[PDB]
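Chemist: Dumping the structure here so I can ask a few things about it.
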Amino acid sequence: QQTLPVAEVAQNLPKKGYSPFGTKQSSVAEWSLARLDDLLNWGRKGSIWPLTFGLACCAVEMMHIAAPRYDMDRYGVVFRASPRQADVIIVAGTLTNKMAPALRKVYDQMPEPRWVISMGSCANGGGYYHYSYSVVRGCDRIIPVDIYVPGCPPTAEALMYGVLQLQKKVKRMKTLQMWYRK
Amino acid sequence: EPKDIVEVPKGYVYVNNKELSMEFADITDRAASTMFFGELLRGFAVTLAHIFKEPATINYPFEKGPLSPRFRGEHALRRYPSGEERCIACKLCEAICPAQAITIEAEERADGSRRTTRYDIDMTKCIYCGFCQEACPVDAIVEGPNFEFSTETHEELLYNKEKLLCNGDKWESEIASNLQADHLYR
Amino acid sequence: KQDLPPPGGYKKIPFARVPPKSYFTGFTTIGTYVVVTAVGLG
Amino acid sequence: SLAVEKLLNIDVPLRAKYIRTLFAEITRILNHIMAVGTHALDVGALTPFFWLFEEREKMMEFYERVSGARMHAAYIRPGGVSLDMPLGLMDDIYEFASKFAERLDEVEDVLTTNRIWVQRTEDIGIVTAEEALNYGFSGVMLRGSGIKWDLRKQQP
Amino acid sequence: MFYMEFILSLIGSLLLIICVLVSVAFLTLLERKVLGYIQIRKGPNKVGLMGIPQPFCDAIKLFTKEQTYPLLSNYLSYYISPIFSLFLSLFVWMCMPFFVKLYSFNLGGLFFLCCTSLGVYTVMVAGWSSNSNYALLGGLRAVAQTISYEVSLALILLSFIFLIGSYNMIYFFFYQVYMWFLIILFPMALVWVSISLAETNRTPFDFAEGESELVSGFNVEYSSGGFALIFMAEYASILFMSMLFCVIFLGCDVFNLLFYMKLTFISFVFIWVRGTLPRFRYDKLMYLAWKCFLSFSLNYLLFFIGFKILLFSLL
Amino acid sequence: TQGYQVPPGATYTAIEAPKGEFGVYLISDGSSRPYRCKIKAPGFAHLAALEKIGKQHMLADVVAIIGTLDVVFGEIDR
Amino acid sequence: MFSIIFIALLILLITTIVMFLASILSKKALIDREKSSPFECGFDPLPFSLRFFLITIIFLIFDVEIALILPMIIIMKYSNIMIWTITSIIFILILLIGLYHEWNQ
Amino acid sequence: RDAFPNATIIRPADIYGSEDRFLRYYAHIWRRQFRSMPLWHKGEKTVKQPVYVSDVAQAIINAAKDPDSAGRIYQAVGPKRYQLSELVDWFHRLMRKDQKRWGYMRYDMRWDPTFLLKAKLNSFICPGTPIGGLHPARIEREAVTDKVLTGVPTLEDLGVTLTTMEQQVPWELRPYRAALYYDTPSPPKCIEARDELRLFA
Ligand code: SF4
Ligand code: SF4
Ligand code: SF4
């Protein structure tokens, strides 16, 4: 790892700023595309709409970020039932062999950009039914997954930590800078 | 007080057992509640009274919710105060692991110790059940307090021996405090 | 010490259904509506 | 645990019996909060879902204190319970159970005797006594129709 | 004919459209905020400062996502429903009572009934062109409830026009100079709230566009800008129903700031019934729209026929 | 390491779940592992009458019926 | 009315321009077989209903009936009072008797 | 081949499939001009031998595994030769464009400078990829016929069974079919060697 910086060292460090790219771009067109990508990523991270895809027990914790203690609504996060209106699909439960074409069709009808959160050990790696005859060995064999939330029923702080990690990934998305360098 | 349709016994309680009242005062009361939305007015007032209540939103991550000293989180491998690793490769944790996440391969070290050459826990397979820390004769494997360990990539949740030893080095104070405050319960 | 109830026991935990206070009466509601609309017509 | 203990002929102590009874009743309230919230979300009233899931999160905090997990406690074992109760757990359970009845009354003030909830829940899916007896119904589906069968009293 | 009348009418109408659209965005913010406060939970926060640019976070996201289609070959009929929906929601506002003259609508109630009668048309083309059985079911259910309370709404507003003696909306101001019509028309106030939550799809009448019995009624295949235009059109319909409640029952008070405070309060009431009530059924809603509200409409229309004849002899 | 030796035999216990009657038909062969553990879920028998209850009802009626059946499909699918 | 045509055409033009710029601003990805599919929940996939058609017909009959209730607010100060009252009471009373008869049968 | 001597050079002719630049390019609205497709010499002069993407992927893997394919050029072409007019007419028969109310018409491209002006403006105004791939390089690529070289190996020497066109292409163009007007398709005619020599004479 790295040691987290001591406050004597960290007082000499300057402020990071909001932009992961920095304001030190050379060209004015590159700087304008950087700020446009910053505004676009702020709009995308300011409201991600996850889809009501609750397969198994993990989803009982998924409603617990809907719950008044954790309150996902002040993070841009609000559930949508239709897959067209939703940004994120949260695979929260056990993907089985009869569940595989349904999950693939629901993911394919979702419009791009598409970030996928694997909630729980049945969602990533198979988990407690990994050696079962009718359980897919994780959802990574079917749906491409950006965030993997570890706990068997993830606490709801850990699922919301996965949500904040997805927001940091969305804030780190480089589209217009790649277009300028394509 | 309406009469009972079914006589209620001693050990039971009956719902929707009241007779519908037929005197004119109760009929006018039910009629006014139907016409002028009195029960809907009570529902609206009860709803509006919860705006003035305190919000229970705990403002993550500046303020985090309550936990317990028994809490099951990231598995981690502890060490002795002298510095030697605690895990004697005795393999009760892998025998008791119900999802069979733990893989142990052991060889004799140069000084003759039993300590492991491979200790892998598949955290995508681990169900965080805590059977390994109960089945550990020494206090080697332990459930750490950490649960903010979501990964970008599937392979990064395949925990090696070095990752578990680094988790034991990083989280030693809180794990030792929980084990000091929890060992007499177990 | 073990996890035990205090001496004298706990207090009585409420479980019954208490209704909210209903100020209105149906004859009173109908009569007040009639009086209010009779003033309003004038 | 009762299956394995009846196979093993093992009698649990009385404190384990009382702990399992109290956590089975806490579990019963958690299940019926989930049932009422899911039914109210399916009917349409989305407010008692959150109003009762705050209370559900308080009992999941109680499960977390007693076992270390918010759910799937792995706490009841064949032969009793896995761990002893922590000190001061009942001093929170009593305060919580004293506070729960007002939240119950606040849920019935918006769900019970609201005419839309009655229109979505009255004379709908009528199950007779011979229907529930012949079709293998159990629990509330027996006791909605009038059968007095509760397994906590008939076979304690 | 004097050209500054055309210039100022154009400027006032465009300013009305712009302010209605920004008030739609802040109404979505208000609904997400106080609808959270209906329960214990908080509203939006943590975006910008105190959650204020959250609808702009919605608008940047919805105008960037991939415009997907319910079929790949021909999808121009998919486009024409949010265009006409937002056009009607921004076009219905021209019959607002403006005291400084913008449009001299001597028949404003008929204009409102016309735009409400097109609401069925935009939701019918929303349902059919989305190529799904859920979409057709939601479109048929929305057309059913909106034409079921169209007749009731026409009779209720027709009973209200008997009070002012004409169809001019500004004539609601002169007959409210001593008291509001909330005092005289309180069962009509409850019936008009039940009407205004039926033409615009809200939670008490939500079998058309709910997330329980259908996943979505006619927004099921609409996304990435079409859903944004549909959402803005529906919240503009909510704002129009709040204004039209505040003109008829509460005193028109167009200039006073208390009129717009009451308009925000009736929007608060619309979000207050959003969180409270459950959803009606198809059979119970056919019972409500064609028997109870129709019988009340005809009966209390007879009451105002008798009352306007009785005052005509006395005056 | 290896579980406690349960004597060989069959039993069926059943308690009052909040859903209904939760039953375990546990049959042991004398080893450290169970030979058979059949689970009676009450939601399976509650869901088996949905075909007769749901006929001649409306769509919101059926939505309220699964809303009031108190089914959880983890134990139904076992 | 001529200003209403101009402002309605301007609202239509502004909404079509906003949707065209939204279609330009929408992120263009590779089109797919399954993405264009109509959404049925999960696994991939109505006849004429007479009850809804008679609902539309009842709506039409009552709409044309309301279109004769509409003028009489203006006519009340410019007509014979006895004739106006007889026609209004007879009109709404026959409507109420027909509604109650169709309810009972 | 000057830098890496043992480099395998697979030469595809024109690769068809899903999300391609052949069937999607002939499937787009921006390629057509008032329900009529311009083609160079009406599509009759050019003969194309297209290959599937799974066949060339299997050829790439069979070249990577077998080490006798070092520095050998492999002509990646399909099983049978087709001319472009019959291919485009077969595609429009698959998309149900053969109905008389649609107004399908095939005409000469060299008489139409408006189509090339549209292609140049489409290459100009698009910031990223042009819509439908209507850059003039694709125009010259569809103008150039597919010529195989004798004595240079074909993918059947790499041990892959080439999928025929009529099995795969109706599955690709099944979502591309038009809505039926309110008022099985014939397979296309292959071009042999002697018919191609008669056509090019
Ligand atoms: S990962 Fe654990 S909590 Fe989640 S669905 Fe699987 S068993 Fe249930
Ligand atoms: S039970 Fe403990 S000491 Fe034994 S092998 Fe496992 S971690 Fe090591
Ligand atoms: S907590 Fe349970 S699943 Fe995880 S390593 Fe320990 S025994 Fe295995």
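In the structure tokens, each chain is lettered A, B, ... as it comes, each chain's residues begin at 1, and ligands are numbered from 1 in order of appearance.
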Counting only C-alpha atoms and all ligand atoms, what residues are within 10 Å of ligand 1, given as a ChimeraX atom specification?

Modeler: /A:54-61,91-95,118-129,149-155 /B:124-129 /D:71-72 /F:74

Chemist: Fewer than 2 positions away in the same chain doesn't count, so skip those; otherwise give me all residues within 8 Å of region 165-176 of chain B, counting only C-alpha atoms, as a short mmCIF file (atom, residue, chain, number, x, y, z; two decimals) with N, CA and C atoms, in the first residue's frame.

Modeler:
data_model
loop_
_atom_site.label_atom_id
_atom_site.label_comp_id
_atom_site.auth_asym_id
_atom_site.auth_seq_id
_atom_site.Cartn_x
_atom_site.Cartn_y
_atom_site.Cartn_z
N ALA B 76 -9.12 -11.56 8.45
CA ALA B 76 -7.75 -11.09 8.62
C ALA B 76 -6.98 -12.08 9.49
N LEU B 77 -5.66 -12.11 9.29
CA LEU B 77 -4.77 -13.01 10.01
C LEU B 77 -3.97 -12.21 11.03
N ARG B 78 -4.07 -12.59 12.29
CA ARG B 78 -3.41 -11.86 13.36
C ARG B 78 -1.98 -12.35 13.56
N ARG B 79 -1.31 -11.75 14.54
CA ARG B 79 0.07 -12.07 14.88
C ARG B 79 0.24 -12.02 16.39
N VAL B 142 -9.55 -13.97 12.09
CA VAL B 142 -10.42 -13.09 12.84
C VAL B 142 -11.27 -12.31 11.85
N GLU B 143 -12.46 -11.90 12.29
CA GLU B 143 -13.31 -11.01 11.51
C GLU B 143 -12.98 -9.58 11.88
N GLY B 144 -12.35 -8.86 10.96
CA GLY B 144 -11.97 -7.49 11.21
C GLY B 144 -13.16 -6.56 11.18
N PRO B 145 -12.94 -5.33 11.65
CA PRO B 145 -14.01 -4.33 11.61
C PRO B 145 -14.28 -3.76 10.23
N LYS B 161 -2.29 -14.77 1.19
CA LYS B 161 -1.77 -14.75 2.56
C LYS B 161 -1.17 -13.39 2.89
N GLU B 162 -0.55 -12.74 1.91
CA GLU B 162 0.07 -11.44 2.15
C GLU B 162 -0.98 -10.35 2.34
N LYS B 163 -2.11 -10.44 1.64
CA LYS B 163 -3.20 -9.49 1.84
C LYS B 163 -3.83 -9.65 3.21
N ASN B 178 -11.57 -5.52 20.22
CA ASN B 178 -12.78 -6.33 20.14
C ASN B 178 -12.58 -7.71 20.77
N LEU B 179 -11.40 -8.31 20.57
CA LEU B 179 -11.12 -9.60 21.17
C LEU B 179 -10.91 -9.49 22.67
N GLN B 180 -10.40 -8.35 23.16
CA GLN B 180 -10.30 -8.15 24.60
C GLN B 180 -11.68 -7.93 25.21
#

Chemist: With only C-alpha atoms and all ligand atoms as the basis for distance, which of B:3, B:86, B:109, B:50 is at the shortest distance from ligand 2?

Modeler: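 Closest to ligand 2 of all the choices is B:86.
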
Chemist: What are the residues of chain C that have an atom within 8 Å of an atom of chain E, counting only C-alpha atoms, as a ChimeraX atom specification?

Modeler: /C:36-37,40-41

Chemist: I want to know what sits within 10 Å of residue 77 (chain D), based on only C-alpha atoms, with residues of the same chain fewer than 6 positions away left out; could you give that as a JSON list (two decimals) with N, CA, C and O atoms, in the first residue's frame?

Modeler:
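File written: out_34.json
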[["chain", "number", "residue", "atom", "x", "y", "z"],
["D", 1, "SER", "N", -32.53, -26.38, 14.63],
["D", 1, "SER", "CA", -31.96, -26.75, 15.92],
["D", 1, "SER", "C", -32.86, -27.72, 16.67],
["D", 1, "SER", "O", -32.36, -28.65, 17.30],
["D", 2, "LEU", "N", -34.18, -27.54, 16.60],
["D", 2, "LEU", "CA", -35.09, -28.52, 17.20],
["D", 2, "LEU", "C", -35.08, -29.84, 16.45],
["D", 2, "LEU", "O", -35.26, -30.89, 17.07],
["D", 4, "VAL", "N", -32.32, -31.19, 14.95],
["D", 4, "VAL", "CA", -31.09, -31.86, 15.36],
["D", 4, "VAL", "C", -31.16, -32.26, 16.84],
["D", 4, "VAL", "O", -30.68, -33.33, 17.23],
["D", 5, "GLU", "N", -31.79, -31.43, 17.68],
["D", 5, "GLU", "CA", -31.92, -31.77, 19.10],
["D", 5, "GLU", "C", -32.91, -32.90, 19.34],
["D", 5, "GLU", "O", -32.75, -33.67, 20.29],
["D", 83, "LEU", "N", -23.60, -17.76, 21.22],
["D", 83, "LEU", "CA", -22.96, -16.84, 22.14],
["D", 83, "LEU", "C", -23.97, -16.36, 23.17],
["D", 83, "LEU", "O", -25.18, -16.43, 22.96]]

Chemist: Quick one: pull the distance between CA of residue 13 (chain C) and CA of residue 55 (chain D), Å, one decimal.

Modeler: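 If I compute the distance from CA of residue 13 (chain C) to CA of residue 55 (chain D), I get 16.1 Å.
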
Chemist: What is the CA of residue 45 (chain E) to CA of residue 107 (chain D) distance in Å?

Modeler: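 Computing it gives 27.0 Å between the two atoms.
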
Chemist: Rank nothing, just name the residue among G:19, G:12, G:31, G:66 nearest to residue 92 (chain G), using only C-alpha atoms.

Modeler: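 Counting only C-alpha atoms, the residue closest to residue 92 (chain G) is G:66.
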